[PDB]
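Structure file model_24.pdb with PDB, C-alpha atoms (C1' of nucleotides) and all ligand atoms:
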```pdb
ATOM      1  CA  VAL A   1      60.200 -74.535  25.081
ATOM      2  CA  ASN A   2      62.429 -72.397  22.854
ATOM      3  CA  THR A   3      62.193 -74.811  19.909
ATOM      4  CA  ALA A   4      58.382 -74.616  20.031
ATOM      5  CA  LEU A   5      58.608 -70.790  19.953
ATOM      6  CA  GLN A   6      61.118 -70.584  17.091
ATOM      7  CA  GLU A   7      58.609 -71.937  14.559
ATOM      8  CA  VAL A   8      55.846 -69.559  15.660
ATOM      9  CA  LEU A   9      58.163 -66.550  15.464
ATOM     10  CA  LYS A  10      59.297 -67.817  12.044
ATOM     11  CA  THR A  11      55.710 -67.957  10.789
ATOM     12  CA  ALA A  12      55.198 -64.535  12.390
ATOM     13  CA  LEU A  13      57.974 -63.316  10.079
ATOM     14  CA  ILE A  14      56.226 -65.186   7.246
ATOM     15  CA  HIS A  15      52.915 -63.385   7.823
ATOM     16  CA  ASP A  16      54.627 -60.146   9.022
ATOM     17  CA  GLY A  17      52.406 -60.006  12.107
ATOM     18  CA  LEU A  18      55.052 -59.474  14.780
ATOM     19  CA  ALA A  19      55.940 -55.960  15.941
ATOM     20  CA  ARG A  20      59.630 -55.475  16.717
ATOM     21  CA  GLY A  21      60.787 -52.904  19.242
ATOM     22  CA  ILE A  22      59.317 -51.669  22.503
ATOM     23  CA  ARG A  23      57.347 -48.867  20.811
ATOM     24  CA  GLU A  24      55.640 -51.132  18.270
ATOM     25  CA  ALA A  25      55.187 -53.770  20.984
ATOM     26  CA  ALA A  26      53.275 -51.306  23.173
ATOM     27  CA  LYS A  27      51.362 -49.978  20.157
ATOM     28  CA  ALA A  28      50.243 -53.517  19.332
ATOM     29  CA  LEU A  29      49.401 -54.119  23.003
ATOM     30  CA  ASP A  30      47.078 -51.157  23.589
ATOM     31  CA  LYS A  31      45.284 -51.635  20.245
ATOM     32  CA  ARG A  32      44.089 -55.096  21.455
ATOM     33  CA  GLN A  33      45.431 -56.724  18.278
ATOM     34  CA  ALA A  34      48.158 -58.545  20.224
ATOM     35  CA  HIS A  35      48.301 -62.317  20.632
ATOM     36  CA  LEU A  36      51.491 -62.997  22.617
ATOM     37  CA  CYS A  37      54.634 -61.205  23.762
ATOM     38  CA  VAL A  38      58.291 -62.217  24.054
ATOM     39  CA  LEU A  39      60.618 -60.492  26.524
ATOM     40  CA  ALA A  40      64.381 -60.791  26.895
ATOM     41  CA  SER A  41      65.641 -61.553  30.398
ATOM     42  CA  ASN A  42      68.816 -59.431  30.039
ATOM     43  CA  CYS A  43      67.455 -55.947  30.771
ATOM     44  CA  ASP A  44      69.794 -53.684  32.747
ATOM     45  CA  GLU A  45      67.376 -50.780  33.240
ATOM     46  CA  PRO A  46      64.450 -52.016  35.373
ATOM     47  CA  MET A  47      61.781 -49.361  34.774
ATOM     48  CA  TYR A  48      60.732 -50.887  31.430
ATOM     49  CA  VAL A  49      61.185 -54.599  32.176
ATOM     50  CA  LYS A  50      58.196 -54.474  34.549
ATOM     51  CA  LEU A  51      56.011 -52.321  32.282
ATOM     52  CA  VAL A  52      55.687 -54.987  29.579
ATOM     53  CA  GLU A  53      54.057 -57.650  31.759
ATOM     54  CA  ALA A  54      51.896 -54.948  33.360
ATOM     55  CA  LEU A  55      50.548 -54.044  29.912
ATOM     56  CA  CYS A  56      50.220 -57.744  29.039
ATOM     57  CA  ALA A  57      48.196 -58.386  32.204
ATOM     58  CA  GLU A  58      46.090 -55.270  31.598
ATOM     59  CA  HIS A  59      45.252 -56.425  28.057
ATOM     60  CA  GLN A  60      45.227 -60.172  28.963
ATOM     61  CA  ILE A  61      48.250 -61.044  26.821
ATOM     62  CA  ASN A  62      50.455 -64.085  27.370
ATOM     63  CA  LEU A  63      54.202 -63.628  27.848
ATOM     64  CA  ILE A  64      57.309 -65.737  27.185
ATOM     65  CA  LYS A  65      60.694 -64.980  28.774
ATOM     66  CA  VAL A  66      63.922 -65.668  26.862
ATOM     67  CA  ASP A  67      67.389 -65.304  28.373
ATOM     68  CA  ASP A  68      69.122 -63.642  25.412
ATOM     69  CA  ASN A  69      68.299 -60.527  23.389
ATOM     70  CA  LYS A  70      70.865 -60.752  20.577
ATOM     71  CA  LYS A  71      69.855 -64.364  19.905
ATOM     72  CA  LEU A  72      66.188 -63.331  20.001
ATOM     73  CA  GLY A  73      66.998 -60.518  17.575
ATOM     74  CA  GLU A  74      68.751 -62.803  15.107
ATOM     75  CA  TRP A  75      65.837 -65.238  15.369
ATOM     76  CA  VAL A  76      63.273 -62.503  14.627
ATOM     77  CA  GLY A  77      65.265 -61.338  11.604
ATOM     78  CA  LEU A  78      67.228 -58.275  12.745
ATOM     79  CA  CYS A  79      70.410 -59.459  10.990
ATOM     80  CA  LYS A  80      71.463 -59.526   7.339
ATOM     81  CA  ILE A  81      73.747 -61.938   5.495
ATOM     82  CA  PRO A  82      75.712 -62.496   9.282
ATOM     83  CA  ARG A  83      77.893 -59.395   9.635
ATOM     84  CA  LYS A  84      75.783 -57.032  11.759
ATOM     85  CA  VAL A  85      74.289 -58.637  14.880
ATOM     86  CA  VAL A  86      71.708 -56.437  16.622
ATOM     87  CA  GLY A  87      68.923 -57.716  18.847
ATOM     88  CA  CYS A  88      65.663 -56.657  20.453
ATOM     89  CA  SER A  89      64.593 -56.957  24.086
ATOM     90  CA  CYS A  90      60.843 -57.247  23.414
ATOM     91  CA  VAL A  91      58.622 -58.272  20.510
ATOM     92  CA  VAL A  92      54.855 -58.816  20.307
ATOM     93  CA  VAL A  93      53.287 -61.307  17.902
ATOM     94  CA  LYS A  94      49.924 -59.884  16.792
ATOM     95  CA  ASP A  95      48.676 -62.833  14.719
ATOM     96  CA  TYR A  96      49.989 -66.189  13.539
ATOM     97  CA  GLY A  97      50.022 -67.855  10.127
ATOM     98  CA  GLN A  98      51.983 -77.494  15.117
ATOM     99  CA  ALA A  99      53.995 -76.224  18.082
ATOM    100  CA  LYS A 100      51.881 -73.053  18.281
ATOM    101  CA  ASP A 101      49.244 -75.267  19.900
ATOM    102  CA  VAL A 102      51.992 -76.564  22.213
ATOM    103  CA  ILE A 103      52.760 -72.974  23.239
ATOM    104  CA  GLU A 104      49.064 -72.152  23.680
ATOM    105  CA  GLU A 105      48.588 -75.152  25.972
ATOM    106  CA  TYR A 106      51.797 -74.282  27.828
ATOM    107  CA  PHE A 107      50.108 -70.946  28.559
ATOM    108  CA  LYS A 108      47.217 -72.806  30.210
TER     109      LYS A 108
ATOM    110  CA  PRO B   1      78.341 -19.620   6.164
ATOM    111  CA  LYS B   2      77.970 -23.335   5.448
ATOM    112  CA  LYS B   3      74.511 -24.719   6.217
ATOM    113  CA  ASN B   4      74.782 -27.738   8.517
ATOM    114  CA  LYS B   5      72.184 -30.473   8.074
ATOM    115  CA  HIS B   6      69.656 -30.934  10.869
ATOM    116  CA  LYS B   7      70.287 -33.898  13.172
ATOM    117  CA  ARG B   8      67.453 -35.691  14.947
ATOM    118  CA  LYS B   9      67.893 -35.666  18.725
ATOM    119  CA  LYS B  10      68.477 -39.275  19.791
ATOM    120  CA  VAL B  11      66.384 -39.228  22.967
ATOM    121  CA  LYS B  12      66.884 -42.034  25.489
ATOM    122  CA  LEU B  13      63.809 -44.300  25.825
ATOM    123  CA  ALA B  14      61.201 -42.313  23.916
ATOM    124  CA  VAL B  15      58.692 -45.106  24.590
ATOM    125  CA  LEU B  16      58.930 -44.803  28.382
ATOM    126  CA  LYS B  17      56.828 -41.673  28.914
ATOM    127  CA  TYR B  18      53.227 -42.570  27.952
ATOM    128  CA  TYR B  19      52.633 -45.350  30.504
ATOM    129  CA  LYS B  20      52.764 -46.021  34.240
ATOM    130  CA  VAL B  21      53.969 -49.040  36.250
ATOM    131  CA  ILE B  22      48.706 -49.097  32.944
ATOM    132  CA  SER B  23      46.788 -46.019  31.824
ATOM    133  CA  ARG B  24      47.785 -43.508  29.137
ATOM    134  CA  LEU B  25      49.870 -40.673  30.584
ATOM    135  CA  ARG B  26      49.131 -38.596  27.462
ATOM    136  CA  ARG B  27      45.879 -37.852  25.662
ATOM    137  CA  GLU B  28      44.467 -39.808  22.718
ATOM    138  CA  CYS B  29      43.549 -38.102  19.461
ATOM    139  CA  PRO B  30      39.852 -38.666  18.628
ATOM    140  CA  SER B  31      40.165 -38.702  14.838
ATOM    141  CA  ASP B  32      39.249 -41.603  12.565
ATOM    142  CA  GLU B  33      42.690 -42.424  11.143
ATOM    143  CA  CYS B  34      44.478 -41.912  14.482
ATOM    144  CA  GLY B  35      43.756 -43.606  17.788
ATOM    145  CA  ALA B  36      44.533 -46.465  20.183
ATOM    146  CA  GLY B  37      48.178 -45.553  20.644
ATOM    147  CA  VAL B  38      48.623 -42.223  18.841
ATOM    148  CA  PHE B  39      49.713 -40.208  21.862
ATOM    149  CA  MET B  40      49.203 -36.489  22.039
ATOM    150  CA  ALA B  41      52.095 -34.019  22.288
ATOM    151  CA  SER B  42      51.607 -31.765  25.319
ATOM    152  CA  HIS B  43      53.489 -28.507  24.839
ATOM    153  CA  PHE B  44      53.433 -25.769  27.476
ATOM    154  CA  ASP B  45      50.467 -24.045  25.829
ATOM    155  CA  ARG B  46      48.963 -26.671  23.519
ATOM    156  CA  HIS B  47      48.509 -30.237  22.294
ATOM    157  CA  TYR B  48      49.373 -31.625  18.836
ATOM    158  CA  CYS B  49      48.811 -34.908  16.981
ATOM    159  CA  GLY B  50      51.892 -35.847  14.976
ATOM    160  CA  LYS B  51      50.194 -37.765  12.144
ATOM    161  CA  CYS B  52      47.157 -35.912  10.747
ATOM    162  CA  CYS B  53      47.915 -32.440  12.234
ATOM    163  CA  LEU B  54      45.187 -32.177  14.879
ATOM    164  CA  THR B  55      45.392 -28.944  16.859
ATOM    165  CA  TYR B  56      44.003 -28.181  20.308
ATOM    166  CA  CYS B  57      45.017 -25.243  22.486
TER     167      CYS B  57
ATOM    168  CA  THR C   1       7.234 -44.230 -31.410
ATOM    169  CA  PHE C   2       9.192 -42.174 -28.878
ATOM    170  CA  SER C   3      12.707 -41.733 -27.382
ATOM    171  CA  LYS C   4      14.061 -39.194 -29.908
ATOM    172  CA  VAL C   5      13.823 -36.298 -27.434
ATOM    173  CA  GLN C   6      16.190 -38.243 -25.190
ATOM    174  CA  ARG C   7      18.444 -38.900 -28.190
ATOM    175  CA  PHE C   8      18.850 -35.189 -28.897
ATOM    176  CA  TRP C   9      18.919 -34.607 -25.120
ATOM    177  CA  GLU C  10      22.384 -36.157 -24.796
ATOM    178  CA  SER C  11      24.922 -33.657 -26.157
ATOM    179  CA  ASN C  12      28.166 -35.586 -26.637
ATOM    180  CA  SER C  13      30.217 -35.915 -29.814
TER     181      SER C  13
ATOM    182  CA  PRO D   1     -11.315 -35.322 -23.561
ATOM    183  CA  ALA D   2      -9.982 -38.154 -25.730
ATOM    184  CA  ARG D   3      -7.338 -35.862 -27.238
ATOM    185  CA  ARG D   4      -6.347 -34.639 -23.766
ATOM    186  CA  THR D   5      -6.135 -38.236 -22.517
ATOM    187  CA  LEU D   6      -3.989 -39.173 -25.525
ATOM    188  CA  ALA D   7      -1.727 -36.186 -24.825
ATOM    189  CA  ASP D   8      -1.418 -37.243 -21.173
ATOM    190  CA  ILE D   9      -0.563 -40.807 -22.235
ATOM    191  CA  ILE D  10       2.048 -39.457 -24.663
ATOM    192  CA  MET D  11       3.509 -37.314 -21.871
ATOM    193  CA  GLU D  12       3.683 -40.377 -19.610
ATOM    194  CA  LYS D  13       5.410 -42.323 -22.398
ATOM    195  CA  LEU D  14       7.884 -39.460 -22.877
ATOM    196  CA  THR D  15       8.603 -39.401 -19.133
ATOM    197  CA  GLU D  16       9.150 -43.172 -19.197
ATOM    198  CA  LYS D  17      11.515 -42.761 -22.160
ATOM    199  CA  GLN D  18      13.420 -40.046 -20.277
ATOM    200  CA  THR D  19      13.708 -42.320 -17.230
ATOM    201  CA  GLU D  20      14.918 -45.177 -19.448
ATOM    202  CA  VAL D  21      17.515 -42.864 -21.007
ATOM    203  CA  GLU D  22      18.643 -41.770 -17.539
ATOM    204  CA  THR D  23      19.055 -45.443 -16.628
ATOM    205  CA  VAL D  24      20.883 -46.267 -19.878
ATOM    206  CA  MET D  25      23.304 -43.325 -19.748
ATOM    207  CA  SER D  26      24.217 -43.967 -16.105
ATOM    208  CA  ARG D  27      34.145 -23.021  -2.439
ATOM    209  CA  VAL D  28      36.970 -25.526  -2.883
ATOM    210  CA  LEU D  29      37.157 -24.742  -6.614
ATOM    211  CA  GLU D  30      38.263 -21.135  -6.053
ATOM    212  CA  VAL D  31      40.942 -21.954  -3.470
ATOM    213  CA  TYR D  32      42.275 -24.881  -5.496
ATOM    214  CA  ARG D  33      42.406 -22.736  -8.636
ATOM    215  CA  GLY D  34      44.351 -20.245  -6.517
ATOM    216  CA  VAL D  35      46.854 -22.879  -5.434
ATOM    217  CA  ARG D  36      46.943 -24.028  -9.077
ATOM    218  CA  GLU D  37      48.037 -20.527 -10.090
ATOM    219  CA  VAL D  38      50.522 -20.532  -7.200
ATOM    220  CA  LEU D  39      52.070 -23.871  -8.179
ATOM    221  CA  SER D  40      52.060 -23.042 -11.900
ATOM    222  CA  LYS D  41      55.002 -20.656 -11.352
ATOM    223  CA  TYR D  42      56.086 -21.716  -7.870
TER     224      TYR D  42
ATOM    225  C1'   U E   1      67.452 -23.279  10.607
ATOM    226  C1'   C E   2      66.855 -22.322  17.067
ATOM    227  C1'   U E   3      63.482 -24.498  21.160
ATOM    228  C1'   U E   4      59.142 -28.262  22.928
ATOM    229  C1'   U E   5      58.248 -33.507  22.366
ATOM    230  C1'   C E   6      54.384 -36.429  18.722
ATOM    231  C1'   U E   7      54.781 -39.743  15.037
ATOM    232  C1'   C E   8      57.659 -43.118  10.511
ATOM    233  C1'   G E   9      60.319 -47.362  11.438
ATOM    234  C1'   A E  10      65.962 -50.468   8.678
ATOM    235  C1'   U E  11      63.330 -47.372   3.699
ATOM    236  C1'   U E  12      69.934 -46.790   7.964
ATOM    237  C1'   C E  13      74.186 -42.524   8.926
ATOM    238  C1'   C E  14      79.274 -41.213  10.875
ATOM    239  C1'   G E  15      84.733 -41.301   9.596
ATOM    240  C1'   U E  16      89.300 -42.378   6.844
ATOM    241  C1'   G E  17      91.414 -43.505   1.678
ATOM    242  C1'   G E  18      95.839 -40.243  -3.340
ATOM    243  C1'   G E  19      91.417 -46.737  -4.831
ATOM    244  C1'   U E  20      87.995 -46.077  -8.788
ATOM    245  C1'   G E  21      84.501 -42.631 -10.331
ATOM    246  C1'   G E  22      79.391 -40.733 -13.228
ATOM    247  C1'   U E  23      72.511 -37.322 -14.382
ATOM    248  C1'   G E  24      79.536 -35.603 -16.297
ATOM    249  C1'   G E  25      82.214 -32.776 -21.179
ATOM    250  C1'   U E  26      84.391 -34.410 -25.652
ATOM    251  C1'   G E  27      86.321 -37.272 -30.935
ATOM    252  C1'   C E  28      86.239 -41.555 -33.990
ATOM    253  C1'   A E  29      83.919 -46.343 -36.749
ATOM    254  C1'   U E  30      78.935 -47.581 -36.341
ATOM    255  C1'   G E  31      72.554 -49.064 -37.938
ATOM    256  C1'   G E  32      67.886 -46.586 -39.205
ATOM    257  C1'   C E  33      65.152 -41.745 -40.770
ATOM    258  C1'   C E  34      64.086 -36.453 -43.150
ATOM    259  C1'   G E  35      64.820 -32.800 -46.731
ATOM    260  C1'   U E  36      68.097 -32.252 -50.834
ATOM    261  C1'   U E  37      70.417 -32.442 -55.723
ATOM    262  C1'   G E  38      55.002 -33.067 -63.003
ATOM    263  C1'   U E  39      49.215 -33.611 -64.192
ATOM    264  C1'   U E  40      43.926 -33.980 -63.266
ATOM    265  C1'   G E  41      39.834 -34.446 -59.702
ATOM    266  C1'   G E  42      37.204 -33.826 -54.273
ATOM    267  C1'   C E  43      27.779 -27.883 -36.947
ATOM    268  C1'   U E  44      25.399 -28.430 -29.988
ATOM    269  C1'   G E  45      27.728 -23.266 -27.941
ATOM    270  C1'   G E  46      28.347 -18.360 -27.232
ATOM    271  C1'   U E  47      30.445 -14.104 -31.065
ATOM    272  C1'   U E  48      30.208 -10.142 -35.400
ATOM    273  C1'   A E  49      27.845  -5.421 -40.033
ATOM    274  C1'   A E  50      28.857  -9.965 -42.404
ATOM    275  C1'   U E  51      29.004 -17.901 -44.912
ATOM    276  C1'   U E  52      32.706 -12.722 -38.733
ATOM    277  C1'   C E  53      35.397 -15.003 -34.379
ATOM    278  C1'   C E  54      36.845 -18.945 -31.682
ATOM    279  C1'   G E  55      34.801 -23.602 -30.173
ATOM    280  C1'   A E  56      33.715 -29.782 -31.816
ATOM    281  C1'   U E  57      34.842 -31.795 -36.618
ATOM    282  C1'   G E  58      39.505 -38.135 -49.823
ATOM    283  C1'   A E  59      41.377 -39.665 -54.615
ATOM    284  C1'   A E  60      43.705 -41.207 -58.826
ATOM    285  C1'   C E  61      47.462 -40.532 -63.959
ATOM    286  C1'   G E  62      52.522 -40.374 -65.944
TER     287        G E  62
HETATM  288 ZN    ZN F   1      46.101 -38.847  15.299
END
```

Output the structure of this file as structure tokens.
Ligand SMILES: [Zn+2]
Amino acid sequence: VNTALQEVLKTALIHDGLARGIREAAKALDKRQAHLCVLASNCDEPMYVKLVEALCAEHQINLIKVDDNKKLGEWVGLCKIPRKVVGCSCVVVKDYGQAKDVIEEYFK
Amino acid sequence: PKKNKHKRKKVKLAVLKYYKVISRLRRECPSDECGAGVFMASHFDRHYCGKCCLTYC
Amino acid sequence: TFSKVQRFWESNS
Amino acid sequence: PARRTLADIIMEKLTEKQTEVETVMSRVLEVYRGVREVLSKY
RNA sequence: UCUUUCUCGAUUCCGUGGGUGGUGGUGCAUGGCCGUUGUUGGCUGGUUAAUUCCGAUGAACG
């Protein structure tokens, strides 16, 4: 399911629609421009890991859970060439540009 | 007498104060350019909007 | 034969 | 009456010519002049 | 600048070098360009005593 999400996050980087960071994720969520959300499963502090799916359910936004945050960050383009490896725990794709249909039927 | 440069206070989890669990814990500015996420600074006597300088007291 | 009053009406070099 | 009617027709023609020419051709000041004078030697 | 949190988001910011340095100062060679060692022609506006004031606005010969 990860390989069918890598292409849609890549085309999100192509069309610059995704919002990196928790702040921009929430700001895309409450504006009702959001299309889907991606959340890292490695979250030590628990008071924000349950807020993201609460906002997604309040705004009827689908959610994908990934195990790693550094790998998610280097997939969404938070690294430069890589020397510095920094990752994000949450990112919301606001709009897209094959496997995106696979993801959207996996939601259903 | 050397003038030290101002350092921004790195606050821990600045995002995690405007939401519960759902609703907006802070006010929303009613201007045209600002809204749907532009939360409203609540100081002990006032409220301020940090983008287009709205002022309520 | 008209439209000379409008010609002198516009004052631009 | 004929001369008056001719004068009225000429006035209508002049108004039409003026309208055609118009078609063919087509408190902040004080405070901003004050800030102009401020920023001139700021 | 000292408090109080609102926003912008990679447009980043901390430290150590006897390592260069660059909005630096300065001389030389260096390419272009001035000045330097005649003759004859040719008015919308306000303003003042006033063709007053400001305001728009070419040629040949040796
Ligand atoms: Zn605002």

Since I can't run it myself right now, could you work out what the PyMOL selection byres (((not hetatm)) within 7 of (chain F and resi 1)) selects here and report it as an MDAnalysis selection string? chainID B and resid 29 31 33:35 38 49:52 54

Exactly which residues make up the result of the PyMOL selection byres (((chain E and resi 37-48) around 8) and not hetatm) on this file, given as a PDB file with C-alpha atoms (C1' of nucleotides), keeping the file's coordinate frame?
```
ATOM      1  CA  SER C  11      24.922 -33.657 -26.157  1.00  0.00           C
TER       2      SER C  11
ATOM      3  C1'   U E  36      68.097 -32.252 -50.834  1.00  0.00           C
ATOM      4  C1'   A E  49      27.845  -5.421 -40.033  1.00  0.00           C
ATOM      5  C1'   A E  50      28.857  -9.965 -42.404  1.00  0.00           C
ATOM      6  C1'   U E  52      32.706 -12.722 -38.733  1.00  0.00           C
ATOM      7  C1'   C E  53      35.397 -15.003 -34.379  1.00  0.00           C
ATOM      8  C1'   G E  55      34.801 -23.602 -30.173  1.00  0.00           C
ATOM      9  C1'   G E  58      39.505 -38.135 -49.823  1.00  0.00           C
ATOM     10  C1'   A E  59      41.377 -39.665 -54.615  1.00  0.00           C
ATOM     11  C1'   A E  60      43.705 -41.207 -58.826  1.00  0.00           C
ATOM     12  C1'   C E  61      47.462 -40.532 -63.959  1.00  0.00           C
ATOM     13  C1'   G E  62      52.522 -40.374 -65.944  1.00  0.00           C
TER      14        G E  62
END
```

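Picture a line from CA of residue 53 (chain A) to CA of residue 27 (chain B); it runs 22.3 Å.
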
Would you mind reading off the distance between CA of residue 31 (chain D) and CA of residue 47 (chain B), one decimal, in Å?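 Between CA of residue 31 (chain D) and CA of residue 47 (chain B) the gap is 28.1 Å.
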
I need the output of the PyMOL selection byres (((chain B and resi 21) around 7) and not hetatm) for this file as a ChimeraX atom specification; which residues are they? /A:51,54 /B:19-20,22

Determine which residues of chain E sit within 12 Å of chain A, taking into account only C-alpha atoms (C1' of nucleotides), and present them as a count of residues only. 4

Env of region 9-16 of chain D: 12 Å cut, atoms = all atoms listed in the file, seq-sep filter 5 positions within chain, self excluded. Answer as a VMD selection string. (chain C and resid 1 to 7) or (chain D and resid 2 to 4 21 to 23)

Please list as a PyMOL selection string every residue within 12 Å of residue 8 (chain B), counting all atoms listed in the file and excluding residues in the same chain fewer than 3 positions away. (chain B and resi 5+11) or (chain E and resi 13)

Could you please take those selected residues and save C-alpha atoms (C1' of nucleotides) as a PDB file, keeping the file's coordinate frame?
```
ATOM      1  CA  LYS B   5      72.184 -30.473   8.074  1.00  0.00           C
ATOM      2  CA  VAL B  11      66.384 -39.228  22.967  1.00  0.00           C
TER       3      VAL B  11
ATOM      4  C1'   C E  13      74.186 -42.524   8.926  1.00  0.00           C
TER       5        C E  13
END
```

Can you tell me how far CA of residue 10 (chain A) sits from CA of residue 43 (chain A), in Å to one decimal?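 Spanning CA of residue 10 (chain A) to CA of residue 43 (chain A) is a straight-line distance of 23.6 Å.
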
For the contact check between chain A and chain B, emit one row per residue of chain A within 12 Å, containing the shortest atom pair and the distance in Å rounded to one decimal, counting all atoms listed in the file, chain then rising number order, as JSON lines.
```
{"residue": "A:21", "atom": "CA", "partner": "B:15", "partner_atom": "CA", "distance": 9.7}
{"residue": "A:22", "atom": "CA", "partner": "B:15", "partner_atom": "CA", "distance": 6.9}
{"residue": "A:23", "atom": "CA", "partner": "B:15", "partner_atom": "CA", "distance": 5.5}
{"residue": "A:24", "atom": "CA", "partner": "B:15", "partner_atom": "CA", "distance": 9.3}
{"residue": "A:25", "atom": "CA", "partner": "B:15", "partner_atom": "CA", "distance": 10.0}
{"residue": "A:26", "atom": "CA", "partner": "B:37", "partner_atom": "CA", "distance": 8.1}
{"residue": "A:27", "atom": "CA", "partner": "B:37", "partner_atom": "CA", "distance": 5.5}
{"residue": "A:28", "atom": "CA", "partner": "B:37", "partner_atom": "CA", "distance": 8.3}
{"residue": "A:29", "atom": "CA", "partner": "B:37", "partner_atom": "CA", "distance": 9.0}
{"residue": "A:30", "atom": "CA", "partner": "B:36", "partner_atom": "CA", "distance": 6.3}
{"residue": "A:31", "atom": "CA", "partner": "B:36", "partner_atom": "CA", "distance": 5.2}
{"residue": "A:32", "atom": "CA", "partner": "B:36", "partner_atom": "CA", "distance": 8.7}
{"residue": "A:33", "atom": "CA", "partner": "B:36", "partner_atom": "CA", "distance": 10.5}
{"residue": "A:45", "atom": "CA", "partner": "B:13", "partner_atom": "CA", "distance": 10.5}
{"residue": "A:46", "atom": "CA", "partner": "B:21", "partner_atom": "CA", "distance": 10.9}
{"residue": "A:47", "atom": "CA", "partner": "B:21", "partner_atom": "CA", "distance": 8.0}
{"residue": "A:48", "atom": "CA", "partner": "B:16", "partner_atom": "CA", "distance": 7.0}
{"residue": "A:49", "atom": "CA", "partner": "B:21", "partner_atom": "CA", "distance": 10.0}
{"residue": "A:50", "atom": "CA", "partner": "B:21", "partner_atom": "CA", "distance": 7.1}
{"residue": "A:51", "atom": "CA", "partner": "B:21", "partner_atom": "CA", "distance": 5.5}
{"residue": "A:52", "atom": "CA", "partner": "B:21", "partner_atom": "CA", "distance": 9.1}
{"residue": "A:53", "atom": "CA", "partner": "B:21", "partner_atom": "CA", "distance": 9.7}
{"residue": "A:54", "atom": "CA", "partner": "B:22", "partner_atom": "CA", "distance": 6.7}
{"residue": "A:55", "atom": "CA", "partner": "B:22", "partner_atom": "CA", "distance": 6.1}
{"residue": "A:56", "atom": "CA", "partner": "B:22", "partner_atom": "CA", "distance": 9.6}
{"residue": "A:57", "atom": "CA", "partner": "B:22", "partner_atom": "CA", "distance": 9.3}
{"residue": "A:58", "atom": "CA", "partner": "B:22", "partner_atom": "CA", "distance": 6.8}
{"residue": "A:59", "atom": "CA", "partner": "B:22", "partner_atom": "CA", "distance": 9.5}
```

Could those residues be written to a file, using C-alpha atoms, as a compact mmCIF listing (two decimals), keeping the file's coordinate frame?
```txt
# COMPACT_ATOMS: atom_id res chain seq x y z
CA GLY A 21 60.79 -52.90 19.24
CA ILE A 22 59.32 -51.67 22.50
CA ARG A 23 57.35 -48.87 20.81
CA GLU A 24 55.64 -51.13 18.27
CA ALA A 25 55.19 -53.77 20.98
CA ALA A 26 53.28 -51.31 23.17
CA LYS A 27 51.36 -49.98 20.16
CA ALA A 28 50.24 -53.52 19.33
CA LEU A 29 49.40 -54.12 23.00
CA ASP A 30 47.08 -51.16 23.59
CA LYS A 31 45.28 -51.64 20.24
CA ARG A 32 44.09 -55.10 21.46
CA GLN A 33 45.43 -56.72 18.28
CA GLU A 45 67.38 -50.78 33.24
CA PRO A 46 64.45 -52.02 35.37
CA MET A 47 61.78 -49.36 34.77
CA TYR A 48 60.73 -50.89 31.43
CA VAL A 49 61.18 -54.60 32.18
CA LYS A 50 58.20 -54.47 34.55
CA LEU A 51 56.01 -52.32 32.28
CA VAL A 52 55.69 -54.99 29.58
CA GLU A 53 54.06 -57.65 31.76
CA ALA A 54 51.90 -54.95 33.36
CA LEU A 55 50.55 -54.04 29.91
CA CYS A 56 50.22 -57.74 29.04
CA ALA A 57 48.20 -58.39 32.20
CA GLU A 58 46.09 -55.27 31.60
CA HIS A 59 45.25 -56.42 28.06
```

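Near chain E, within 10 Å and using only C-alpha atoms (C1' of nucleotides), the residues of chain C are residues 8, 10, 11, 12 and 13 of chain C.
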
What are the centre and the three edge lengths of an axis-aligned box that wraps all atoms of region 10-26 of chain A in the file, given that 8 Å is added to every side, written as lines of an AutoDock Vina configuration file and rounded to one decimal in Å?
```
center_x = 56.6
center_y = -58.4
center_z = 15.2
size_x = 24.4
size_y = 35.1
size_z = 31.9
```

Best match for closeness to residue 3 (chain B) among E:1, E:12, E:26, E:20, counting all atoms listed in the file: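 For residue 3 (chain B), the nearest of the given residues is E:1.
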